[PDB]
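These notes concern the structure reproduced below.
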Amino acid sequence: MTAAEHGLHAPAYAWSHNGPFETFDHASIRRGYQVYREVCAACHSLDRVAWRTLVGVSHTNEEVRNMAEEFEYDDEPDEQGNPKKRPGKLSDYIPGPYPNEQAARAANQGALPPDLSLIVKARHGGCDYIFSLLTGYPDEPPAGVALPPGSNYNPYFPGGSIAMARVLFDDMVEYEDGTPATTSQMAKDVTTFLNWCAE
Amino acid sequence: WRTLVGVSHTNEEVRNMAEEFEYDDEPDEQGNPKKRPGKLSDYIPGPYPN
Amino acid sequence: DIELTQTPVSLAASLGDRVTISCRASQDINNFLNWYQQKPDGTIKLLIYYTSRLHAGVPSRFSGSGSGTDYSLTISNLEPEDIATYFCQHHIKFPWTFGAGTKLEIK
Amino acid sequence: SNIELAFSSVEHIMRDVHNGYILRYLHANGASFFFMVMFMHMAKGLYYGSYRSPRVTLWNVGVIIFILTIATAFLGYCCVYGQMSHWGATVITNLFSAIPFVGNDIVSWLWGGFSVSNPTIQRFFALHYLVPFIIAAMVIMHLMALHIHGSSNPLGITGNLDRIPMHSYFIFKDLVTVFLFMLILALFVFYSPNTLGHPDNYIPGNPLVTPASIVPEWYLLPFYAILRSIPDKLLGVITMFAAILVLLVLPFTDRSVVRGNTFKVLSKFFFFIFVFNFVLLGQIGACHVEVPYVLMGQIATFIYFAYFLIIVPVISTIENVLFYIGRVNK
Amino acid sequence: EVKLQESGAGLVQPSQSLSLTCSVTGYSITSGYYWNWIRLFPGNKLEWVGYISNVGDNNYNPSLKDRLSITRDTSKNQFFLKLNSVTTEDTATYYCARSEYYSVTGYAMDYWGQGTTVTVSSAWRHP
Amino acid sequence: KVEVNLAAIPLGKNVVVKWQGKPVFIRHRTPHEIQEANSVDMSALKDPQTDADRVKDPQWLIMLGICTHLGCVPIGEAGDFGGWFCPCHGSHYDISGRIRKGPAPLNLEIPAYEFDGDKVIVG
Amino acid sequence: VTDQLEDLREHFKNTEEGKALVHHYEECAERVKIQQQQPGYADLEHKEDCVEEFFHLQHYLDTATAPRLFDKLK
Ligand SMILES: CCCCCCCCCCCCCCCCCC(=O)OC[C@H](COP(=O)(O)OCCN)OC(=O)CCCCCCCCCCCCC
Ligand code: HEM
Ligand code: HEM
Ligand SMILES: C/C=C(C)/C=C/C=C/[C@H](OC)[C@@H](C)[C@@H](OC)[C@@H](C)CCc1oc2c(O)c(OC)cc(OC)c2c(=O)c1C
Ligand SMILES: OC[C@H]1O[C@@](CO)(O[C@H]2O[C@H](CO)[C@@H](O)[C@H](O)[C@H]2O)[C@@H](O)[C@@H]1O
Ligand code: FES
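Protein chains in written order, with the authors' numbering: chain O, 62 to 260; chain D, 112 to 161; chain K, 1 to 107; chain N, 56 to 385; chain J, 1 to 127; chain E, 93 to 215; chain Q, 74 to 147.
In structure tokens form, the structure reads like this:
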């Protein structure tokens with residue numbers, strides 16, 4: 062197997078949750094949720110994560126209740142059998158951006174953005190791979206590489222040709238706590254949030 | 112629908128009966144919902160949605 | 001025997017432009033028409049088949065289209081050099097027959 | 056077990072069930088440990104000549120248990136319904152399509168349809184629940200066979216002159232390894248629970264896409280390599296099953312007059328050649344079908360079979376003679 | 001790669017027989033498709049002579065059917081052309097060609113031999 | 093039965109669609125690919141079959157994406173023969189879907205199908 | 074405040090090893106740029122690319138920036 066086909070090996074970053082006695086950094090998880098909401102959520106679902114699980118991990122009960130209510134969910138039909146909607150509650154699962162796979166692909170030139178609830182456990186490399194991918198888009202592909210129309214070059218992705226373009230750029234998000242929102246900081250925070258979503 | 116075949120009606124008769132009703136089909140390439148006529152594999156539809 | 005009539009019957013043209021040859025069969029051939037290229041040195045290659053299908057190695061500038069009894073072979077430009085005779089043949093029924101030909105030259 | 060609910064129900068166990076992740080990681084890592092210990096149990100038997108008379112029946116029942124355990128583990132893996140589950144289910148059930156004439160019918164029967172689908176997963180779970188009970192009954196049969204002759208020992212000679220009761224001595228000696236086993240299993244379950252698994256199984260099964268990264272469960276790798284070594288469908292399947300069944304020829308190919316390898320130089324050497332050859336077979340299985348792995352796998356496959364059919368009988372015969380001429384003189 | 005190599009006497013005397021051979025390599029004559037013979041007259045106009053299918057069946061242009069005999073040799077993977085009682089009318093450059101066949105697109109001669117100029121003359125040539 | 097819009101499929105592009113639980117491969121073959129498909133000697137094939145006996149329209153390769161060895165789905169535009177590669181035990185298929193190397197005994201199966209305007213119905 | 078990973082990567086592209094690696098990639102890039110200008114480049118089937126050279130460079134950078142990056146982040 063050629064290097065390109067395998068994908069560049071993701072290096073080992075010093076995640077603060079690495080190590081037998083280490084917990085996740087919950088401030089990083091909290092910040093990572095914001096990155097997910099403002100950037101990733103437009104194309105990525107988080108179907109296996111229930112609103113209530115964020116409580117006591119990265120947000121207060123009140124904060125999650127307010128976030129859940131910003132969305133609409135199907136309620137039980139009224140006394141006449143007509144369909145009706147209701148605001149979200151703690152028991153609901155975080156809603157995805159698309160109603161179905163067809164819509165998802167139509168919004169991404171035929172490609173389907175995978176659910177990210179388990180992405181950290183579903184990829185060799187875990188946090189290192191996710192982080193390296195998000196921060197590994199060069200401005201241009203290496204010489205001699207013909208990139209299929211609609212594709213983007215990223216050495217860490219097997220084959221080098223990925224349907225997702227670089228989405229993280231400096232200061233695109235305004236961190237509630239004052240942390241400078243650099244590309245690597247956002248990648249670090251969102252990856253930590255995604256590791257918590259998976260585990 | 113298929114169970115009526117060879118019991119009370121012919122394949123042709125049941126197919127015509129099934130096609131008089133509309134059932135949910137897979138959404139189109141845009142993700143928009145769409146309908147289709149019933150087939151032998153479908154179950155006889157009820158008068159109420161809920 | 002079906003007979004095809006090519007036109008213009010061997011007419012020259014300039015390199016800085018396009019050209020459009022045509023074939024007309026004495027009968028309905030139903031798109032079963034191919035185009036061949038006979039280079040000056042004698043070598044003959046297949047250019048187009050089934051009215052519009054391009055053969056391997058032929059430049060995307062070669063079009064070719066039609067139906068019923070009238071067909072064509074449209075080119076985008078003669079650059080670098082496509083100077084040779086173009087023949088058309090139907091294969092709807094046996095025996096197969098070819099056209100008169102159309103020798104393309106420079107002005 | 057419904058194909059549309061299976062993967063999510065395991066996630067429900069991981070997320071919603073109190074201590075569910077502990078149950079799941081214990082069950083998954085437990086299966087790997089079951090195989091590592093079983094490999095060691097079988098290897099001990101091989102080394103000490105445990106398969107030799109009067110324990111042939113004990114050995115044969117053990118081979119049956121090995122087959123049932125592999126089958127059980129396969130059925131369980133299918134229940135997760137991840138990407139490896141769907142494709143492992145597809146490939147393994149397809150092994151039967153190699154049976155001439157009726158092969159395709161057997162596969163369609165196992166599937167309960169056109170392909171691995173709802174009928175398949177639901178029956179696999181029902182069967183996964185059943186086989187462990189059949190294994191328990193075979194273990195009882197294994198113990199009955201062991202009981203009439205007792206255990207052998209590292210010297211390979213009679214143990215009738217000096218016995219000690221199981222109680223206290225071996226009850227407490229077994230406890231030492233029980234705690235060591237639990238300690239190591241806990242390290243994996245709590246600190247590195249997915250190391251022995253495949254990331255692709257965290258991706259729901261998709262009937263239209265077989266991932267390029269597909270790899271069998273580690274304990275199946277040596278057998279997978281043996282199958283891959285044969286460039287023919289039928290012979291590959293036959294050879295792979297033969298790799299398990301060849302264990303049954305050992306009581307007959309071991310020509311030695313003494314039981315076990317403790318006092319045998321050449322046998323000890325070749326036993327370790329066999330052990331590392333098995334590990335190599337597993338490593339080859341984890342590699343792509345490329346040069347020079349193909350040839351290496353074919354040679355290691357030959358060595359695997361040669362051990363039972365050629366090396367053991369030839370070496371054991373040489374050693375019998377060596378023991379004779381090395382002392383007797385005339 | 002597929003190659004059609006033509007050979008044979010490119011000079012025959014009137015009333016005699018024209019024998020041409022087409023040596024095919026890189027593709028078996030019995031595998032499939034049609035193996036043709038076509039001619040290009042001096043006035044620069046093509047005419048389909050006939051063929052021999054991969055099964056061994058013939059199909060001759062009725063304009064020559066009574067004179068030609070297209071045969072083949074499986075062992076050598078080559079087909080032949082035989083035109084009886086030649087006339088100056090038969091003077092032309094002869095070509096052998098493989099004709100593909102797909103149910104939707106029909107026939108198409110994709111591979112062509114280099115061609116052999118045959119002259120029906122009374123002239124003598126050292127054989 | 094299942095319908096697919098051929099007009100939406102560009103030149104050198106592969107499309108996979110479900111039919112009776114199995115994936116159906118559809119490729120809009122380029123002129124170069126078509127020549128490659130019909131220019132291989134049968135002697136080099138364990139399951140000898142012409143490209144014409146496998147496709148109705150040389151431009152449209154339609155077949156079941158089920159490896160004939162043990163049922164895996166071969167990966168498109170991969171392998172050493174310009175076609176498909178099965179990652180399960182290493183079978184290689186060419187641009188016509190014929191088996192070229194590996195344990196698989198037969199070429200990828202061609203399902204019954206018919207053309208209708210700018211679409212094809214498989215079944 | 075610019076990206077911390079970008080800063081670290083720029084720093085290491087300047088070390089002796091970093092410069093040799095960029096040089097090797099740049100040399101491959103130029104060679105490829107020339108091959109493309111040649112007639113009939115679209116028909117070669119053996120077109121060289123610089124993925125391997127780029128990988129050597131990136132691997133070196135990753136080996137140096139990976140253990141240092143997080144100390145710079147929050
Ligand atoms: C179908 C399946 C076929 C069977 C598959 C075979 C399974 C592969 C083997 C599994 C691993 C277990 C290793 C083998 C176990 C050793 C067996 C044994 O009984 O060894 C006894 C031996 C020394 O004992 P003695 O009694 O002869 O000492 C004389 C004292 N006077 O003890 C020794 O000499 C020391 C033991 C050295 C351990 C070797 C470990 C290497 C294992 C590699 C595993 C790593 C995998 C990634
Ligand atoms: C920082 C927010 C985001 C994160 C964390 C993220 C993460 C990921 C990850 C980990 C993958 C999987 C790659 C693999 O298969 O190994 C992926 C794929 C993909 N993402 Fe995102 N993504 C984000 C935002 C976006 C956005 C905003 C879009 C839509 C504009 C998008 C579109 C896609 C697509 C189309 C794919 C499929 C790539 C392929 O398989 O070729 N992503 N993303
Ligand atoms: C669920 C699996 C199994 C269980 C619970 C089991 C249990 C036992 C127990 C309790 C003993 C006596 C103590 C010991 O020597 O370890 C024994 C002995 C033995 N077992 Fe097993 N066994 C299993 C599988 C196997 C397999 C797979 C084989 C062979 C293929 C096998 C072959 C033997 C033999 C030959 C002995 C005699 C060892 C000697 O005394 O020299 N067993 N087994
Ligand atoms: C209803 C119950 C049924 C049908 C039971 C069937 C049991 C069959 C056998 O057990 C006795 C069988 C599991 C055993 O063969 C001796 C194993 C060594 C088979 C090893 C095995 O695994 C693979 C695997 O795991 C995969 O994962 C994704 C993928 C695989 O290819 C890509 C394989 C594979 O190619 C082989 C040979
Ligand atoms: O589909 C994305 C589209 O963007 C382009 C613009 O030139 O690609 C450039 O930007 C991508 C975004 O990170 C890079 O991945 C890519 O390597 C770069 O050339 C198009 O080429 C591409 O189709
Ligand atoms: S299943 Fe494709 S090679 Fe075995």
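Even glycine gets a Cβ: it sits at the ideal position worked out from N, Cα and C.
Residue j beta carbon less than 8 angstroms from that of residue i
i	j	result
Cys134/N	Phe179/N	yes
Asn77/K	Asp1/K	no
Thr196/O	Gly93/O	no
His120/E	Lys110/E	no
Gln37/K	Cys88/K	no
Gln108/Q	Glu118/Q	no
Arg98/J	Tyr107/J	no
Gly260/N	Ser140/N	yes
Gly315/N	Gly104/N	yes
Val118/D	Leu151/D	no
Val146/N	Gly168/E	no
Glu6/J	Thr116/J	yes
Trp112/O	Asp153/O	yes
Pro138/D	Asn256/O	no
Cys123/Q	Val95/Q	no
Cα-Cα separation between residue i and residue j, rounded to whole angstroms
i	j	result
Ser63/K	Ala92/J	31 angstroms
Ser10/K	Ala167/O	51 angstroms
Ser206/N	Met196/N	15 angstroms
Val162/N	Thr175/N	11 angstroms
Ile258/N	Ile29/K	55 angstroms
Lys385/N	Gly117/N	45 angstroms
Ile155/O	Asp108/O	6 angstroms
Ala83/N	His183/N	14 angstroms
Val2/J	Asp145/E	19 angstroms
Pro115/E	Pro195/E	21 angstroms
Contact set between residue i and chain O, taken where Cβ atoms lie within less than 7 angstroms
i	result
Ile258/N	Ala183
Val95/Q	Those do not exist, as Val95/Q stays about 12 angstroms from chain O at its closest Cβ, beyond 7 angstroms.
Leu142/Q	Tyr74 and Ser245
Within chain O, partners of residue i - CB distance below 9 angstroms
i	result
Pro138/D	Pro160, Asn161, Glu162, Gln163 and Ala164
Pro174/N	Correct list: empty, because the minimum Cβ distance to chain O is about 24 angstroms.
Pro266/N	Correct list: empty, because the minimum Cβ distance to chain O is about 10 angstroms.
Per-residue contacts from residue i into chain N (C-beta, under 7 angstroms)
i	result
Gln112/E	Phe169
Chain-ordered neighbours of residue i on chain K, where CB pairs are closer than 7 angstroms
i	result
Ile126/E	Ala56
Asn61/J	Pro95
Residue i: contacting residues in chain J (beta-carbon distance under 7 angstroms)
i	result
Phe32/K	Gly106
Cross-chain neighbours of residue i in chain E, by beta carbon under 9 angstroms
i	result
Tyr51/J	Residues of chain E passing the Cβ test: none, with the nearest at roughly 16 angstroms.
Amino acids of chain O, ordered along the chain, whose beta-carbon sits closer than 8 angstroms to that of residue i
i	result
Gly149/D	Those do not exist, as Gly149/D stays about 22 angstroms from chain O at its closest Cβ, beyond 8 angstroms.
Practice prompt. List in chain order the residues whose CB is within less than 7 angstroms of at least one heavy atom of ligand 6.
Written response: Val146/N, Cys159/E, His161/E, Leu162/E, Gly163/E, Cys164/E, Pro166/E, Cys178/E, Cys180/E, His181/E, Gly182/E, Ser183/E, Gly194/E, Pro195/E and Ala196/E
Worksheet item: Who sits around ligand 3, taking every residue whose Cβ is closer than 7 angstroms to one of its heavy atoms?
Response: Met93/N, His96/N, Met97/N, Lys99/N, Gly100/N, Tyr103/N, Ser105/N, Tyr106/N, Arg110/N, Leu113/N, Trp114/N, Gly117/N, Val118/N, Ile120/N, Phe121/N, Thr124/N, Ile190/N, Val194/N, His197/N, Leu198/N, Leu201/N, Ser206/N, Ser207/N and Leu302/N
Practice prompt. May I have all residues whose beta carbon comes closer than 5 angstroms to any heavy atom of ligand 5, sorted in chain order?
Written response: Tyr198/O, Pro202/O, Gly211/O, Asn213/O, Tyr214/O, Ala226/O and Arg227/O
Item to complete: Just list the beta strand (DSSP E) runs in the stretch 193-231 of chain N, keeping only unbroken ones of 3 residues or longer that don't cross its boundaries, in chain order.
Response: none
Item to complete: Let me know the alpha helix (DSSP H) ranges lying completely inside the stretch 336-376 of chain N, each 4 residues or longer, listed in chain order.
Response: 348-361
Fill in: Segments of 4+ residues assigned as alpha helix (DSSP H) that fall wholly inside the stretch 122-146 of chain D
122-129
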